[PDB]
Amino acid sequence: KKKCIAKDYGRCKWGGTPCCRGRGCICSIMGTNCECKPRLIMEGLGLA
């Protein structure tokens, strides 16, 4: 729907719908569970 996903944590794909608001489609490093996450959690919970 639309040229992106304005739904925070919105299932997305590096080869499909990215994010609207301007989130980053991050997956579980397995090309699966891809979702656009907002900039509400800078850094990376467990740093490394």
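Residues numbered from 1 in each chain as written, not as in the entry; some residues may be left out. Heavy atoms only, no water.

A. Geometry of the state of the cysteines. Applying the stated rule across the entire model yields 4 disulfides. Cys 27 shares a disulfide with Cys 34; S-S distance 2.0 Å. On the S-S bond that ties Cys 27 to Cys 34, the torsion sits near 105 degrees, and the link is right-handed. Note on accessibility: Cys 27 and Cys 34 belong to one class, buried. Take the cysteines of the chain that form disulfides and number them in order along the sequence; they join up as 1-4, 2-5, 3-8, 6-7. (Disulfide = S-S within 2.5 Å. Buried < 20%, exposed > 50% of the residue type's maximum accessible area, 1.4 Å probe, protein only.)

The analysis is restricted to geometry; functional conclusions fall outside its scope.
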